[PDB]
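**Student:** Just dropping in an experimental structure and the matching sequence.
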Amino acid sequence: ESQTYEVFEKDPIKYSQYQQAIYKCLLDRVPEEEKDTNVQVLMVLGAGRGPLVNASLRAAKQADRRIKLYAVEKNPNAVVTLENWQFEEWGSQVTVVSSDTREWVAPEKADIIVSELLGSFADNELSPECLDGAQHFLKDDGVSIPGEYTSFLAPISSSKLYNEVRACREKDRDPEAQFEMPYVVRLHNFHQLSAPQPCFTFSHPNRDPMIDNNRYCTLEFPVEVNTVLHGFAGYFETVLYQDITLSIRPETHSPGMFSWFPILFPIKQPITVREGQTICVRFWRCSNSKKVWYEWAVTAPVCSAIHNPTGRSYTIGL
Amino acid sequence: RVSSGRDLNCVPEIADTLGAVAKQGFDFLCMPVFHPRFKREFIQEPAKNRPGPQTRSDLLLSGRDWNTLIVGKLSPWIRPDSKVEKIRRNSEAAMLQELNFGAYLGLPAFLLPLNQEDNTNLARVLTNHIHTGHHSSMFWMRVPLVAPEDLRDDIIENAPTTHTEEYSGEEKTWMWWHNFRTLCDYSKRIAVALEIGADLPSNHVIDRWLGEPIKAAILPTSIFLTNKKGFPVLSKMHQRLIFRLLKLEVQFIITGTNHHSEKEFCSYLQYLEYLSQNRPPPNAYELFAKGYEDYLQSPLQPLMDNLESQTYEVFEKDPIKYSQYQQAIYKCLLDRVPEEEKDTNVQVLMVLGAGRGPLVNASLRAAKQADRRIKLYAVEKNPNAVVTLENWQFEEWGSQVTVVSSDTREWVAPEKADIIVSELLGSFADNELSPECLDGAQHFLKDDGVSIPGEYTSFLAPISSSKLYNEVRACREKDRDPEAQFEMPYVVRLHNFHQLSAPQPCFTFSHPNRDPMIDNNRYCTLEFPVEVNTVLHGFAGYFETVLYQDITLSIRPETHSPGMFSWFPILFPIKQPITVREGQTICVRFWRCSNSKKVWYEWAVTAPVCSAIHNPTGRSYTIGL
Amino acid sequence: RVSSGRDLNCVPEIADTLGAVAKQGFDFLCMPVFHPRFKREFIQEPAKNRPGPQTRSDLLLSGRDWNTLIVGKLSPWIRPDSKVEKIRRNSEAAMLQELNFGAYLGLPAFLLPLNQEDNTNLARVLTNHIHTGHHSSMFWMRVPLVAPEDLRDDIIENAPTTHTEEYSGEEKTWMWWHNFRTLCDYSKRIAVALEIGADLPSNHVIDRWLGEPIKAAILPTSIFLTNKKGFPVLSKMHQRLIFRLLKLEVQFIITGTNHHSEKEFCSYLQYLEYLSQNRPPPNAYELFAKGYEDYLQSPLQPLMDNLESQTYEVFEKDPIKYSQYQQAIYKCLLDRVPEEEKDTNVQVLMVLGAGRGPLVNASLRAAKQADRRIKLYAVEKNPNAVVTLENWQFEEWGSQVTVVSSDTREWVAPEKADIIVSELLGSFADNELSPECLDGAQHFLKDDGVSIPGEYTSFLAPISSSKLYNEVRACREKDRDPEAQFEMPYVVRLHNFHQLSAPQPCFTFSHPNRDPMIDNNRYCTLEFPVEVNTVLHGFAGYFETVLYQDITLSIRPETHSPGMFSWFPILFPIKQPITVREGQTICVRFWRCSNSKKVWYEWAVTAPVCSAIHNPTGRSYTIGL
Amino acid sequence: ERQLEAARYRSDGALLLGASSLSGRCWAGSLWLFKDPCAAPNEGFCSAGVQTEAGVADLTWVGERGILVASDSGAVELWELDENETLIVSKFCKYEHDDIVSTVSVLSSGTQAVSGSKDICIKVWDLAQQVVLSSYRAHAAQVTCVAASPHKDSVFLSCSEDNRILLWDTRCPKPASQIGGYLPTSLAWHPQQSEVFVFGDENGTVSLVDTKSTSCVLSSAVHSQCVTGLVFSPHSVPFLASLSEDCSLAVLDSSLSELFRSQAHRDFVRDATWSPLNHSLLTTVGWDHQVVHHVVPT
Ligand SMILES: Nc1ncnc2c1ccn2[C@@H]1O[C@H]([C@H](O)c2ccc(Cl)c(F)c2)[C@@H](O)[C@H]1O
Ligand SMILES: Nc1ncnc2c1ccn2[C@@H]1O[C@H]([C@H](O)c2ccc(Cl)c(F)c2)[C@@H](O)[C@H]1O
Ligand SMILES: Nc1ncnc2c1ccn2[C@@H]1O[C@H]([C@H](O)c2ccc(Cl)c(F)c2)[C@@H](O)[C@H]1O
């Protein structure tokens, strides 16, 4: 919805990092002897209402390089904003495309693809699938911004949060489905039991013949306290371009970026953990042609059931 | 009596092999659905484009032979928990391919091995197959009593086999299964194929499998000893384990090669049949309860509900119970009326809750052998049972018995009783509300009156049973609390379970009751010492009753009345199973609660860990007053 | 062969009466449980204090006999809808007492009469017996085809019997039943005991009972005519009704006194066995339907699911289906390749969705019959069925058949097809998603290539059936919408129903699709003229398919392919039954909806009353793409 | 029998083939002798041929006319080419293992053999007496490979899915000893340094180990999948042929560097036999039913 775009657009730090990432990339691609001859084809995949198109414009003025923009966006409601912007301000410089990046037959090939298809758990908005479908129209030496992203998990204790999830029971569904789905929450009254460890990482562009965005990860968290495990906090880190990065992982959090809150993967039953014990978690990123989902289990100090088997309570639509 | 299967890992021609296995007398065949050595590739070229049929055709056997005679097996090369990513990915596609082909075939069971500690991805892949389509088939986890790593020969110079005892470590393969079935959310389609090795482990290792859903027992040919005339036999220690498995009605599977070629392969099966025919003869309780094993039923509420005719008939078929009652009344008549008053003193006997009349006839049989005079009153609130009583009165009893159609708590009796005889007890002693019923009848008992029974005590014992816990789990219903099934007791003939500690008394009631205050409400704390590593799932409940002095009845196993098969034990479940280590104490708390309308129990576990209070305020279970 | 019972209001001695009934050949006995004339009091002194047993004892028969041979009977004096309050109050107490005694006895059925318009309090008291205690028992409502008032002799001078036809008035006893079962909330434990009289009413009156749960037919001995030999026979019209009743497997009941004195009594039963043996013979479609009557099943989704080996086996067991396909391929080859090109022309045939190869074999038999050359490609996405195809290709077919393990919409074909052949149709023609599958195969079809089938059309018909409505209602499940069961289609062999209007075409698809853009989404409005008074409960769905030219397959009743019985009709229920008056039009709307992942139907009735739109957005039911 | 399991050249250059049908209606095996290696594996152009009742998991030449086979039925079988070498007739079929015999190896003297199986056991056989001299439950999982010492009867190597590479010496009371990474899948003793051996792992890596100072000397990431075989060339400074489930043939030097690479096979490469006549000619067989004759640039 319109007001959802407005809340995510109100992040000067995020968009200045994106501008700096494109600015650096333009310099690294077009030397001073080609300042006018080489026009760079920039494709903003998932343009929204246009904050990344304006970041691409602001990065071309300070880098003094020539760019040909393509603002691809599947939401027809956001395309109305883009086409009014194009007619009144951008002009011929920006071509607004009303399409899904996975279906679009692009006329040209991109030197750089710029996207904001990430969520609080990095690949939970399905950025890998979207950028994979756009690889056919990126040049053989094309740059994806962001180039990499990694999600992070941390075991947490919170009898307040566990009770909040417990209260999300509904009619006409599994009475425990609420514990088999992630939530985006500004985590406040909780205890982080161990330091966040990386979970799933995705690199763009992706070479390896096989692709497979499916994953399986085992994590061992050393716990130095006596506590009760109720779930896992999830965060992300992203490499926009080389030293330009974004983060919601608390220890490396981008100073000022308040948009994305951490994610929370609950567990059905709280687990008692004594000091010196290790919490071992298992995460799977699963998928079929229609949906993508996560499944997860605790395997130490005690086992839990596998949560969300086959996306019975939660799936992310493809 | 013994359902048996042949386990093969080599089947050159399936029709030929099935013909030989059937000739050998086996009921079924466990075999691979794909060639066990035919490794298939799903990712890399050119191996992934391998042509030809991937396995033999479904047309080779009829649909009924596929549905009844074949048990599939996962290919040994399939390793979903491999530390190599590629092997893990290939093994996941191959596992679903084999399981799906098994489902396509309509196989009644498919074997999968637990042969290491980590089986997380194997569990995730199997859970995924269960949550896909509408196949419904059984999954048999092949799991040994002793891990191979712990039964190997001590022949590795720089890796000696530890001869020191490690109590928990010897139960490691139980933890293998426990973790696997916990990850798989206690699926009722996931069961145990217990593999029996050459040297049995300690008793505590064998006992970890009590209460577990064992569907198969795998006997390799290499475990069989050779007898006097060269036939395959088993050790006496192995034979006792066979007898336990026979009680659970497991399917025996013969694995390995023919090592008794001089006597043929059916000799292994014939020996198993010999142990089956010559198994230690069972008791009359085992003969009676055949069919009710771990079948959960609702405890009768004869106060709130009017019992049906056939329900009275099943409870009347207990010669031991009624002869004890007769003996209790006989003794009481002698103790009350001396020989010098044999005719002058008539004893007023009031049968409270007379049913169809077995206690009225016990009161008559006790007056003939005691040679005493009695005036009977058969009180009964069920108008349907009163029809039986009034037809009995008119045709046989006569003026001797007065049939009263009333509740004992409302009845304004004309006379006062010397003795009150009642059968208002349940499997948990006071669960049919006998205290409330007999309390209401105290006003019409003489100041020196005798109540038969005079006392009753209930007993609790902590139990472990993943089979019973799954049975309660299956009692979920629409339009009620999704966990209400765990907050109510069930009457069940307990079969596949483990009693973790000796029964301790819970609640006791004495009749007549003097103490000014009465209060049938109770609170009890019980501490059960546990000497084993186990999982607590609930508590078994029993009773003991004093009919009159040395004449008593019991369903507490250790003091059970020889022959009394009517009342089965009760079971109080718990919502979440509790892990208990050897040397720990299970502390349970029981409350008997009540208002003017209903009576109920509430219960909590407080050690080694706390549970929630079960059935607070009778939200899931109440007994109607 | 005919399950029969004897109705008596006089049972002097229960065992002697039972023995006599059993000697005559009856399977059961309907009798009173209290003496029919024994009026009882519950409120007033002194008649309320009446002593003795209130009825016969339960100890007179074994529980097995009470459970299988006795049908209880409400006492004829019990009147809970009396205009006199005292009688209403006594009748409520006596009605519960009798029903409760029948429940105490474990009787399998209990008869209650509907012999007047108002039975409101009778219904309330029965509902309250059903909501008290432990159930299972059946309630048979004794309701006449013709009310006693409407069949009385015209012998009252100042009260003549009406000679005017009253269309709805003649149907009044159906409304007696309907109001009663509406008040009792369509209890599955409440069925009809239809009473037949000497004179049968118009066919419309008899037809009112189509789709009702008739469990018994009461034949009084006074309705039997006497043949020349003294034997009891029935009129040709009564005989027609008996054949109709045998189709529903009702239990026949003989009520009344023996009126064929010198001709014994078992003669009424002998006549029923005579009509049963000499009934119009069941056809081949009735032979196969056995056991599947009104049993609801989920329609198969072969695109979303991989069909099992035994599912493929039942759908191959249709010789009519494949002889039609062979004839359509044979005729097509002749039209495409002239005799002069017989040896130089190779026809590229592609079977799309080949299953286990029955269409490949039919293509092979058609190319040989026509003397034409064909190059075959067997496309199949189910990898388990591909195993069967590849073992067939190696053993028998050879290089002529190229087996393609793929989804037809993804396959990159190495050549174009002259003919595409498929059996991707379901019971409602496009419900398995044949449009989307064949559209995906159009790019590799020659610009002049044929599709077999080339066309298919689904049909709908409004139906009445309170039996099917109650079967759908019982499909309520936990963890879902409590009404989802009414918003999804079922494959069901329709048996106890009333078709209320001739089937009309709903959606039609053509292949190849010459229409550009076209869209497989549909919206259809249908107007069904209704000539009877009824209750609509849903719509039966059928199909017709044109394989090639005049070679067709159909399950639409009037154009049904004789012998093809693999496909049963579909049922699209509605949430609430709708009253339909004679002469009214039923107007239904149907949508075929979709997105990139799913396809589903939505439907609503817009006349004579609206319903909610059913299955909006595939909330309760979708077909997987 | 489409799946070629083994290829072994005898002294004169006759090629022995072992094969099985790992799919379709029948799951049986076959033994073949080709006195003309160029006509392999065409059944109409062979010298000797036999159909075994179960599949062939492994085989080894026993001298010049004997063939010891590891069967799917759990049996160790010995076949024998007659006087004319036109028939391959069975001499002994002993079912002593309780599952698929996966590996077989003739010990130095040619009088004894070591069998390995999926039943976790390692058995020592007296071929002439046709009996089992010793059975060792040493591993905790399927025996993957057993390789006898080129010169000592009491010395041999074993590897298994329990991650153990065992160096055996039956002269000790505890015969086996653990040797110093993924699961071990193949073993090959060096024909010159008889106190050195190579092993292949399930991750594609090939390692060179020294028996005395056992701590692994050199390793190379040769294959992208499981190493099925390691075979040494007849040269005085031998080359190592490594074969894999990645469907490729590699040829390494003494520093484990790739000199030759053959991606001729379209399915798994199962065996590799260097010709006694031309030491630069190496023959590999595979599950694609191909007999590929290579010319290694020596
Ligand atoms: N496969 C696809 N092809 C074309 N567009 C696609 C997809 C998938 C998503 N999107 C669009 O990406 C945007 C992004 O998520 C975003 C941008 C900006 C703000 Cl501020 C924001 F909140 C969210 C949204 O506008 C989505 O509609
Ligand atoms: N307060 C009350 N006042 C009068 N009668 C009362 C009560 C409460 C229960 N009862 C009756 O006691 C009997 C007893 O439980 C029983 C007896 C015999 C058999 Cl075999 C049997 F199964 C059960 C039942 O017949 C109940 O109806
Ligand atoms: N898009 C697709 N591409 C390739 N195959 C596809 C589809 C969609 C369905 N199918 C197959 O069509 C067959 C047909 O429904 C059938 C054939 C024979 C019998 Cl007897 C039977 F019951 C069912 C099934 O075997 C399905 O697997």
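**Tutor:** Sure, I can see it. Numbers count the residues shown, from 1 in each chain, chains lettered A, B, ... in the order given. Ligands and ions are numbered 1, 2, ... in the order given.
**Student:** Which residues are in contact with the residue in chain A that ligand 1 sits nearest to?
**Tutor:** Closest contact between chain A and ligand 1, by CB to the nearest ligand atom, is at residue A:46 (2.3 Å). All C-beta spots, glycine's among them, are computed from the backbone N, C-alpha and C. The contact partners of residue A:46, taken as CB atoms under 8 Å, 6 or more residues apart in numbering or on different chains, are A:72-74, A:101, A:115-117, A:130.
**Student:** Quickly name whichever of those residues is closest to residue D:112.
**Tutor:** Proximity of those to residue D:112, judged by CB to CB, is greatest for residue A:130, which lies at 64.0 Å.
**Student:** So residue A:127 sits against residue A:118, correct?
**Tutor:** Yes. Counting by CB atoms under 8 Å, residue A:127 does reach residue A:118; the two are 5.3 Å apart.
**Student:** Give me the common contacts of the two.
**Tutor:** residue A:149.
**Student:** domain ranges for chain A?
**Tutor:** By the assignment in curated CATH domains, chain A contains the domains A:2-145, A:148-317.
**Student:** Out of those, flag the one nearest ligand 3.
**Tutor:** Judged by CB to the nearest ligand atom, the one of these that comes nearest to ligand 3 is domain A:148-317, at 12.4 Å.
**Student:** ends of the closest one, how far apart?
**Tutor:** With CA to CA, to the nearest Å as the measure, the ends of domain A:148-317 fall 22 Å from one another.
**Student:** what do you get for stretch A:309-316?
**Tutor:** Across stretch A:309-316, the straight-line distance between its terminal residues is 14 Å, by CA to CA.
**Student:** Which pair of the contacts of residue A:46 spans the longest distance?
**Tutor:** Taking CB to CB as the measure, the contacts of residue A:46 reach their widest spread between A:74 and A:116, a distance of 13.7 Å.
**Student:** higher neighbour count, the two?
**Tutor:** Set side by side, residue A:74 and residue A:116 show more neighbours around residue A:116, with 22 against 18, by other CB atoms under 10 Å in any protein chain shown.
**Student:** ok, now which ones touch the more buried one?
**Tutor:** Residue A:116 is in contact with A:18, A:46, A:48, A:52, counting by CB under 8 Å, 6+ apart.
**Student:** With residue A:128 instead?
**Tutor:** Counting by CB under 8 Å, 6+ apart, the residues that residue A:128 touches are A:202, A:204, A:206, A:213.
**Student:** okay, these in JSON lines with distance to residue D:180, neighbour count and secondary structure next?
**Tutor:** Conversion of the contacts of residue A:128 to JSON lines gives the following (distance: CB to CB, whole Å; neighbours: other CB atoms under 10 Å in any protein chain shown; DSSP: H, G, I helix; E, B strand; the rest coil):
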{"residue": "A:202", "distance to residue D:180": "37", "neighbour count": "22", "secondary structure": "strand"}
{"residue": "A:204", "distance to residue D:180": "41", "neighbour count": "23", "secondary structure": "coil"}
{"residue": "A:206", "distance to residue D:180": "38", "neighbour count": "15", "secondary structure": "coil"}
{"residue": "A:213", "distance to residue D:180": "38", "neighbour count": "17", "secondary structure": "coil"}
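**Student:** Among those, which one sits closest to chain D?
**Tutor:** Within the contacts of residue A:128, the smallest distance to chain D is 18.1 Å, found for residue A:206 (CB to the nearest CB).
**Student:** ranges for the strands of the stretch 51-200 of chain A?
**Tutor:** Secondary structure of the stretch 51-200 of chain A (DSSP state E, counting those that start in this stretch): strands located at A:66-73, A:94-98, A:110-115, A:138-145, A:148-157, A:183-184, A:191-192, A:197-203.
**Student:** Using JSON lines, lay out these together with distance to ligand 3.
**Tutor:** As requested, these are exported to JSON lines (distance: least, CB to the nearest ligand atom, whole Å):
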{"stretch": "strand A:66-73", "distance to ligand 3": "30"}
{"stretch": "strand A:94-98", "distance to ligand 3": "30"}
{"stretch": "strand A:110-115", "distance to ligand 3": "33"}
{"stretch": "strand A:138-145", "distance to ligand 3": "31"}
{"stretch": "strand A:148-157", "distance to ligand 3": "36"}
{"stretch": "strand A:183-184", "distance to ligand 3": "38"}
{"stretch": "strand A:191-192", "distance to ligand 3": "49"}
{"stretch": "strand A:197-203", "distance to ligand 3": "31"}
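**Student:** Out of these, flag the one nearest residue D:195.
**Tutor:** Relative to residue D:195, the nearest member of the strands of the stretch 51-200 of chain A by CB to CB is strand A:197-203, separated by 44.6 Å.
**Student:** which residues are in contact with that closest one?
**Tutor:** A:122-123, A:127-128, A:147-154, A:213, A:215, A:217, A:219, A:221, A:234, A:237, A:283, A:285.
**Student:** likewise stretch D:209-216?
**Tutor:** By CB under 8 Å, 6+ apart, the residues outside stretch D:209-216 that reach it are D:165, D:167, D:179-180, D:195-199, D:207-208, D:217.
**Student:** again, 6 Å this time
**Tutor:** Residues from elsewhere that reach stretch D:209-216, judged by CB atoms under 6 Å, 6 or more residues apart in numbering or on different chains: D:179-180, D:195-197, D:207, D:217.
**Student:** now do stretch A:157-175
**Tutor:** With CB under 6 Å, 6+ apart as the test, stretch A:157-175 has contacts from A:178-179, A:189-191, A:193, A:227-228, A:230, A:266, B:482, C:479-481.
**Student:** Quick one: buried ones out of these?
**Tutor:** Under a neighbour-count criterion of 16 or more other CB atoms under 10 Å in any protein chain shown, the subset of these counted as buried comprises A:178-179, A:190, A:193, A:227, A:230, A:266.
**Student:** State the distance from the closest residue in space to residue D:233 that isn't next to it in sequence to residue D:293.
**Tutor:** Sequence neighbours aside, residue D:239 is the residue nearest to residue D:233 in space, at 4.1 Å (criterion: CB to CB, 6 or more residues apart in numbering or on different chains). Between residue D:239 and residue D:293 the distance is 16 Å, computed by CB to CB, to the nearest Å.
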